[PDB]
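Scroll down for the structure; my scribbles are underneath it.
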Amino acid sequence: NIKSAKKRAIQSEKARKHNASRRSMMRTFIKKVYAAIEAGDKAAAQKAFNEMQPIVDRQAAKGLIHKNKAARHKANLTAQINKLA
Amino acid sequence: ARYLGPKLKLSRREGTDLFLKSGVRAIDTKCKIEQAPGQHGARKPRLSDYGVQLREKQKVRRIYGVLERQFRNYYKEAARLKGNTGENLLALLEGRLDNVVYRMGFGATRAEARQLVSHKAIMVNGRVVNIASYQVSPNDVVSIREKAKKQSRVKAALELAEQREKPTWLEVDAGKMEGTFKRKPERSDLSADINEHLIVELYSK
Amino acid sequence: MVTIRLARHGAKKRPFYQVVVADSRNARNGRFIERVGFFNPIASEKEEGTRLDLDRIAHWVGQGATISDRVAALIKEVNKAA
Amino acid sequence: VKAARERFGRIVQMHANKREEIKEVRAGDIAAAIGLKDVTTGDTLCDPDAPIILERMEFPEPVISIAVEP
RNA sequence: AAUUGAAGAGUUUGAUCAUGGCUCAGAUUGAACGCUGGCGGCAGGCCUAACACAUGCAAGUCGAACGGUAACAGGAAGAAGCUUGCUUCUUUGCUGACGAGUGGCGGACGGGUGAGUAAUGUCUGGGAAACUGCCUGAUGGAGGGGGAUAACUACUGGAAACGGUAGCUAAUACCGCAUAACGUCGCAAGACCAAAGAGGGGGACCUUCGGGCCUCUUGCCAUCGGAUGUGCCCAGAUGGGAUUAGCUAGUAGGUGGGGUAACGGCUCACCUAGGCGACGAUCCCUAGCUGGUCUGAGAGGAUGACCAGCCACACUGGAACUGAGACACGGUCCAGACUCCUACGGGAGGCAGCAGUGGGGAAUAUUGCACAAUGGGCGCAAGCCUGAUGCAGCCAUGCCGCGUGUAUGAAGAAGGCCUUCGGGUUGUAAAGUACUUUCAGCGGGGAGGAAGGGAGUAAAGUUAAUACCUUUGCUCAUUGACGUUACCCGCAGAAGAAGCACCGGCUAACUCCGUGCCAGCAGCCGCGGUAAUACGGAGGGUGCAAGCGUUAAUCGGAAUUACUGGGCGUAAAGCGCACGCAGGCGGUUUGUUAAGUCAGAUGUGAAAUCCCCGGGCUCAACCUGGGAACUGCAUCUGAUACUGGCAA
């Protein structure tokens, strides 16, 4: 409130609206692979796996994911489809 | 700090002539030594165990001028000094500046020798001296500043102390108002009239 | 960036400085790992007055240790390369 | 008049009742110092420790002796 | 050099001994009350209400990021009061520099208060499942585009706070495709991922005449590592109470998904029915913790004010965001409590930051000064910001000293005081006499804390470069809040500077006089009966001393919870008496791991602190140097006498 860098509190929700959009942009493509897990095609998920596969790694690169949740989520999902075969 | 009172009662209540009212005419003749100190003490008191340590306590606290607050901390460091703790406490009572200039002949008493110490008139080993609690180390010499040397009162006080035996642990020149300090005074060197043994029994408990 | 800089001791109007290694946010007279020497501004040429242990200054900068401008001024007043 | 040595916080002079501060005590003004403990009414005070110009003037007398009950 | 340290006395009784409480002499206070009061240096100085808080001030910076230029300073196209360029002036942002906005970084550091918490904490060892901005080393790269957008205009709401909409545009801001590896996912194939640019100088070339071009400086980005700030797990200790006996339902555990940087019931799904506890569980009260300080022979007790580490917290309660890192002291939102501005719509706010206010209270500070020191943030640097600090005010609160004058001085004055009324005494005391006057007061000389930074030259490297940048000594003029500094010399005069407790014993120091178990005295036993060494005053001393007594508190003495180191027939104390599962111990012989114990080595035991020997403050206190200590803990490898386990 009182300090001369109160513009940081203006810049926070200026930033947060962008990053939570990239959060929202990230999660729906992590969600999108979980659309086709329950269907039963090993490549329907794998084709959409390559839709988040840059996007979770663009956003690990842009500065939101700490490089290790991406290593988590590209590992379980790759073994998700291979659990059935 | 100082008493600055009637300090020959202090030689009359204690009896021994511990050097306060010395002056030129060394015989007193005006005090009636070994008597009551006042107006009611005509009887001889019993002098039990507590007071006979207390009565010689006034004998050591009055030769050199050291008070109650100053004598006690000398004992504390002396306890860690090895060997005879009476000698180590005497190793701390014989470094005073009013001690040495009284053993230099400068001054008809300690107070007149305090006066030359109190009024900047001493130089020691290339430093013009200050506060009289200075323990004066060995391998040092003592001197007097040029503005306060030979001023109408140092002369005859140097006479009655050149009749003294010049106790040879420190040497005085006295013809240009300088002396020399060699080392410490041992038990073999003092008057040996002072019982130091009843002091330690006070700070033993 | 854990640095090598100065820290302060002594008394009122008569300083004496204690050189230390520390992170440069760490409460100047406080937390630190290993002092290497000290410094007295009232140098007093009898015995000492500024002592440096040079072989840890060469080794701490081996881990990176960006020095301060006064400890570097001690290097130019210790005659390091002499 | 009490034989005690006190000290100052400020001096205050009000414009409307506007306590706009001042550190200068001009001879002929009026001030309102602050936080002095034992200052009664009718004390003749001296700043450079000079002899006072002693003033004793508390001589009206109250006329009623009425008790209280809090 | 470094643990040379342990004492008692009064008090029950006619008297003695024993038992045993009581009390006192020591030391130490974050102190307070009263009496009184000169000075210097060094430390500390709201503990009680984390009570409520007016006022000012504690975190800003970069233009070498940029669009811009709102002030201000030049200069420039142009232009004159007509003193023919001494200059009035609108324009241009060509520069200095930069309010405001966007943007990079910090704002989590430092500071402040102990309310919570008995264990997610701390401390001290050990870890395995991670990250790490700034910093640093090495290794590749750093191409080419684009769309929004504040500011700034048009119009404009509102008392103000604070905004409104349509437009337009720049940037190390944001988002794209190419291109990626010793980086990531996966058995193996393969599949994806980054960014940037500003500034300085300059020769030919080049001139669309912003420059392109070479190069130095500075900067970005990917990654392997380190210093490292931090996160997480385990063991053992870390308080009182059993008049606190059972507690628990994500509670113990598995599988499966998910989760966070990381590991787990960290979380859902289902199965199993256990987990902890009388070797103290849960419940309750109180409390931050450690190094350490106080005392003490030692072992132990009490306690963590100042100092440094760790923790917690930010009015109360909660959640999540941004960022390297926060569930953020001086940030967001919601809620509550209580206040403040109002033109009555609507608006705000956080001192357990410095200083202060009222109140609480036996009690605790200037509504201060400067950024010179050191540290920090930002930045190229110059600098700015710095109540972090360096000082400086108030305080005999404490720890140490200085001085309050000295020699001579007998008729042994006066006066007081007591008295065989003779005398003695106060008392060398004073007066008097001879010096001297430290600090005073006062007047002037006058070191160091100062290192740097900036300006000029040359040289050593870089390169096209004799340029720039960097570095090297030198040269030049300057930077001190403290400060009428410390400190030295000189001046007249002893002129301004002594008081407080006590006197029956403990425990050193007396008679009267005045009251008569009256008024009073006191730490303890006890005094006062007109006829007091205990009461009140005076005088005489006593102890101390610019401090002194009392009061409160911890330890000692207290062998008064006795492991070191006590007792139980009569003094407090043996269950009314047996039985007995937990539990505690245990005869002798052989072998055996080596748990216990023991030796040695290694690493840790932060620094300060206590101690030992020195240096510097003139000496002391104080401030430090080296060293010792840190009595401990773990781990590795050895010994088998006695204990334990194991076996005969």
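By convention in this document, the chains of the structure tokens carry letters A, B, ... by their order, each chain's residues are numbered from 1, and ligands are numbered from 1 in the order they are shown.
The part of chain E that reaches within 7 Å of chain C is made up of residues 109, 110, 134, 135, 136, 226, 227, 308, 374, 375, 376, 448, 449, 451, 615 and 623 of chain E, counting only C-alpha atoms (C1' of nucleotides).
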Would you mind writing down, as a ChimeraX atom specification, each residue of segment 4-197 of chain B that DSSP on the backbone assigns to helix (DSSP H, G or I)? /B:9-12,49-63,68-78,85-93,97-100,110-118,146-148,155-162,197
Hey, what's within 9 Å of residue 171 of chain B if we count only C-alpha atoms (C1' of nucleotides) and toss same-chain stuff fewer than 3 positions away? As a ChimeraX atom specification, please? /B:104,166-168,179-182
Determine the nearest neighbour of residue 115 of chain B from the options E:576, E:416, E:296, E:405, counting only C-alpha atoms (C1' of nucleotides). E:405
Atom pair atom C1' of residue 32 of chain E / atom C1' of residue 548 of chain E: separation (Å):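 Computed distance, atom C1' of residue 32 of chain E to atom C1' of residue 548 of chain E, equals 14.9 Å.
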Could you check the closest approach to chain A for each of E:68, E:349, E:456, E:56 and tell me which residue wins, using only C-alpha atoms (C1' of nucleotides)?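 Ranking E:68, E:349, E:456, E:56 by distance to chain A, first place goes to E:349.
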Spatial neighbours of segment 40-51 of chain D, 10 Å, only C-alpha atoms (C1' of nucleotides), chain gap at least 2 places, as a ChimeraX atom specification: /D:1-2,5-7,36-38,53-58
Resulting file, chosen residues, N, CA and C atoms, as an mmCIF file, in the first residue's frame:
```
data_model
loop_
_atom_site.group_PDB
_atom_site.id
_atom_site.type_symbol
_atom_site.label_atom_id
_atom_site.label_comp_id
_atom_site.auth_asym_id
_atom_site.auth_seq_id
_atom_site.Cartn_x
_atom_site.Cartn_y
_atom_site.Cartn_z
ATOM 1 N N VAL D 1 11.522 27.299 43.583
ATOM 2 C CA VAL D 1 10.395 27.401 44.507
ATOM 3 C C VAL D 1 10.062 25.993 44.979
ATOM 4 N N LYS D 2 10.570 24.996 44.254
ATOM 5 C CA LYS D 2 10.483 23.597 44.639
ATOM 6 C C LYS D 2 11.857 22.956 44.803
ATOM 7 N N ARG D 5 15.494 20.267 39.295
ATOM 8 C CA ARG D 5 15.988 20.583 37.959
ATOM 9 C C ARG D 5 15.273 19.695 36.941
ATOM 10 N N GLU D 6 14.454 20.317 36.103
ATOM 11 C CA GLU D 6 13.688 19.608 35.093
ATOM 12 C C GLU D 6 14.280 19.872 33.707
ATOM 13 N N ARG D 7 13.618 19.347 32.674
ATOM 14 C CA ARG D 7 14.082 19.457 31.298
ATOM 15 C C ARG D 7 12.888 19.635 30.367
ATOM 16 N N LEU D 36 6.721 18.219 31.301
ATOM 17 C CA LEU D 36 7.416 18.520 32.547
ATOM 18 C C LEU D 36 6.572 18.013 33.707
ATOM 19 N N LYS D 37 7.184 17.194 34.558
ATOM 20 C CA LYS D 37 6.478 16.401 35.559
ATOM 21 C C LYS D 37 5.823 17.248 36.636
ATOM 22 N N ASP D 38 6.641 17.938 37.422
ATOM 23 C CA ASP D 38 6.184 18.448 38.702
ATOM 24 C C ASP D 38 5.999 19.953 38.627
ATOM 25 N N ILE D 53 13.121 36.153 40.320
ATOM 26 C CA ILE D 53 12.560 37.492 40.484
ATOM 27 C C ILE D 53 11.281 37.305 41.304
ATOM 28 N N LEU D 54 11.380 36.457 42.344
ATOM 29 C CA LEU D 54 10.338 35.655 43.002
ATOM 30 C C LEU D 54 8.937 36.248 43.066
ATOM 31 N N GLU D 55 7.952 35.457 42.643
ATOM 32 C CA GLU D 55 6.569 35.896 42.541
ATOM 33 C C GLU D 55 5.700 34.935 43.335
ATOM 34 N N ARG D 56 4.954 35.468 44.302
ATOM 35 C CA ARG D 56 4.021 34.687 45.110
ATOM 36 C C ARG D 56 2.658 35.366 45.046
ATOM 37 N N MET D 57 1.693 34.719 44.383
ATOM 38 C CA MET D 57 0.454 35.396 44.019
ATOM 39 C C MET D 57 -0.800 34.527 44.098
ATOM 40 N N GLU D 58 -0.783 33.423 44.840
ATOM 41 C CA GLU D 58 -1.947 32.535 44.922
ATOM 42 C C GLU D 58 -2.825 32.871 46.136
#
```
Enumerate the residues of chain C with a DSSP assignment of strand (DSSP E or B), computed from the backbone, and present them as JSON, numbers by chain. {"C": [2, 3, 4, 5, 8, 9, 10, 11, 14, 15, 16, 17, 20, 21, 22, 23, 37, 38, 39, 50, 51, 52, 67]}
With a distance cut-off of 8 Å and only C-alpha atoms (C1' of nucleotides), select the neighbouring residues of residue 80 of chain A, excluding the residue or stretch itself and same-chain residues fewer than 4 positions from it, and output the selection as a VMD selection string. chain A and resid 37 76 84
Segment 6-9 of chain A surroundings by only C-alpha atoms (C1' of nucleotides), 9 Å radius, close-in-sequence under 5 positions cut, as a PDB file with N, CA and C atoms (P, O5', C5', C4', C3', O3' and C1' of nucleotides), in the first residue's frame:
```pdb
ATOM      1  N   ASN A   1       0.806  -1.209   0.000  1.00  0.00           N
ATOM      2  CA  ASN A   1       0.000   0.000   0.000  1.00  0.00           C
ATOM      3  C   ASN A   1       0.836   1.254   0.000  1.00  0.00           C
ATOM      4  N   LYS A  14      -1.198  -8.369 -12.704  1.00  0.00           N
ATOM      5  CA  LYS A  14      -0.847  -8.265 -14.113  1.00  0.00           C
ATOM      6  C   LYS A  14      -0.123  -9.518 -14.576  1.00  0.00           C
TER       7      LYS A  14
ATOM      8  P     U E 322       1.817 -17.694  -9.502  1.00  0.00           P
ATOM      9  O5'   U E 322       2.782 -16.430  -9.373  1.00  0.00           O
ATOM     10  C5'   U E 322       2.554 -15.225 -10.138  1.00  0.00           C
ATOM     11  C4'   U E 322       3.479 -14.125  -9.659  1.00  0.00           C
ATOM     12  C3'   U E 322       4.963 -14.477  -9.646  1.00  0.00           C
ATOM     13  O3'   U E 322       5.568 -14.250 -10.922  1.00  0.00           O
ATOM     14  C1'   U E 322       4.358 -13.529  -7.562  1.00  0.00           C
ATOM     15  P     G E 331       3.763  -1.989   2.588  1.00  0.00           P
ATOM     16  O5'   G E 331       3.565  -3.553   2.327  1.00  0.00           O
ATOM     17  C5'   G E 331       2.239  -4.127   2.201  1.00  0.00           C
ATOM     18  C4'   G E 331       2.092  -4.821   0.864  1.00  0.00           C
ATOM     19  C3'   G E 331       0.726  -5.411   0.551  1.00  0.00           C
ATOM     20  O3'   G E 331      -0.213  -4.442   0.092  1.00  0.00           O
ATOM     21  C1'   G E 331       2.376  -6.998   0.019  1.00  0.00           C
ATOM     22  P     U E 332      -1.789  -4.752   0.205  1.00  0.00           P
ATOM     23  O5'   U E 332      -2.004  -6.016  -0.743  1.00  0.00           O
ATOM     24  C5'   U E 332      -2.046  -5.876  -2.179  1.00  0.00           C
ATOM     25  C4'   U E 332      -2.885  -6.977  -2.783  1.00  0.00           C
ATOM     26  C3'   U E 332      -4.287  -7.118  -2.206  1.00  0.00           C
ATOM     27  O3'   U E 332      -5.193  -6.184  -2.796  1.00  0.00           O
ATOM     28  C1'   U E 332      -3.274  -9.251  -2.343  1.00  0.00           C
TER      29        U E 332
END
```
Measuring between only C-alpha atoms (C1' of nucleotides), which one of E:342, E:357, E:303, E:515 shows the shortest distance to chain D?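 Checking each of E:342, E:357, E:303, E:515 against chain D, counting only C-alpha atoms (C1' of nucleotides), the winner is E:357.
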Extract, using only C-alpha atoms (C1' of nucleotides), all DNA, RNA and protein residues at most 12 Å from residue 45 of chain A, discarding same-chain residues fewer than 3 positions from it, and format them as a ChimeraX atom specification. /A:29-42,48-53,77-82
Residues of chain D within 12 Å of chain E, only C-alpha atoms (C1' of nucleotides) counted, as JSON, numbers by chain: {"D": [6, 7, 8, 9, 10, 11, 19, 20, 21, 34, 35]}
